[PDB]
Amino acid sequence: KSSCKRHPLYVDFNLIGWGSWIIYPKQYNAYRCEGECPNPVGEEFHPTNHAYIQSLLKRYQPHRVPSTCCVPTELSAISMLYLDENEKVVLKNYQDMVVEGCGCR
């Protein structure tokens, strides 16, 4: 907004040197979280109790308390087809690969 929210993140496995073993997908949208977490953190950013308290304390003490941080709070899996160290073909569901929700923590 520039407040904490989800944004695209296009990951190309060729770029990070993994294209020799990952067969599919070579590229995928992993998304990302980015944006400021205001003090105090409103309910729309789904803070934990701890995050809310830290953000309120930062209002009253801006120089000794760090802001809470915009991070993934819900993630989902993708299936990847790849070659293992023995060149066996493996199909596996990898957890926590795609950001589905962001929040201040």
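A residue's number is simply how far along the shown sequence it sits, counting from 1.
Checked against the record, the higher mean CA B factor of 59 to 67 and 46 to 54 lies with 59 to 67. Highest CA B-factor among 90, 97, 15, 23, as stated in the entry: 15.
Among the modelled residues of its chain, residue 41 has a C-alpha B-factor that falls in the highest third according to the deposited record. Among the modelled residues of its chain, residue 105 has a C-alpha B-factor that falls in the lowest third according to the deposited record.
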